[PDB]
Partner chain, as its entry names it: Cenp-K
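Shown here is one chain on its own, the form solved without the partner chain, set out as structure tokens.
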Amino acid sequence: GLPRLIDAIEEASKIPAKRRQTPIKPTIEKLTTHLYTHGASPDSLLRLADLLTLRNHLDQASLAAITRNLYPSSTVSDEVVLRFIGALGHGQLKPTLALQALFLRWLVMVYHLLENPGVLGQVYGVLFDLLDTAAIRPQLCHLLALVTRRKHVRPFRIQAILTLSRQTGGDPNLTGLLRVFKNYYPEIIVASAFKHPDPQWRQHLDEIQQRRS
């Protein structure tokens, strides 16, 4: 069922709502209801990540609703992860900062379902260089705290985040990430604890994941 729903949304997303022959709203609600009930398979997650990150004519409310119901029924592939990472930052190809925040939050919430979580370590710089962008900083810090390994904690990165903390006047999410850096190099001098951003989402994701056994 799901592939036909995505088919319809993807074709409607190429057309301004003014010019569509039928409104897309009922198919959005069918998709989001199906996502909530069954989650999405790895192939469907790629298709969904495409309409979430490409520039198209879907409205922001529908895009947020899909993201909030983007429950993986199985695992999350490297291609999906890299689609969301490629959508981060400033650019004519890129989605709103508000959506980027939800993508980053989602990445934290499905971290244990990534097929190769180490792939985030290979794009560490993309994530780290965006810490200036205050609109996504809390979600960046949380994701970076999960991804940071010793090899990422290079002196230039230690200083940039010390400089950013000073210049912003202190920021508890930057302080949290600095404490992760501190775990590796305790000579760094340094209040956010990065708990799960949505325990309800976790419980419902777990219920969907329960069916795999």
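Residue numbers count along the first chain shown, from 1.
Just so you know, the form solved in complex with the partner chain exists too; it's not on screen, but the next bit is about it.
Open item on the list: Even though the partner isn't displayed, in the bound PDB entry is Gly169 close enough to the partner chain, meaning a heavy atom within 4.5 Å?
Closed with: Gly169 lies outside the contact set for the partner chain.
Task: Close approach of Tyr185 to the partner chain in the bound PDB entry, 4.5 Å, heavy atom - done: Yes.
Open item on the list: Is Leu162 near the partner chain? Define near as a heavy atom within 4.5 Å, in the bound PDB entry.
Closed with: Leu162: no contact with the partner chain in the bound PDB entry.
- [ ] Indicate whether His57 is a 4.5 Å heavy atom neighbour of the partner chain in the bound PDB entry.
- [x] Contact with the partner chain, no.
TODO: Name the stretch: of 23 to 31, 147 to 155, 60 to 68, 37 to 45, exactly one has residues whose heavy atoms fall within 4.5 Å of the partner chain in the bound PDB entry.
DONE: Comparing against the partner chain in the bound PDB entry, the contact stretch is 147 to 155.
Open item on the list: Heavy atom within 4.5 Å of the partner chain in the bound PDB entry: which residues of 111 to 131 meet that condition, in order?
Closed with: The stretch touches the partner through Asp129 alone.
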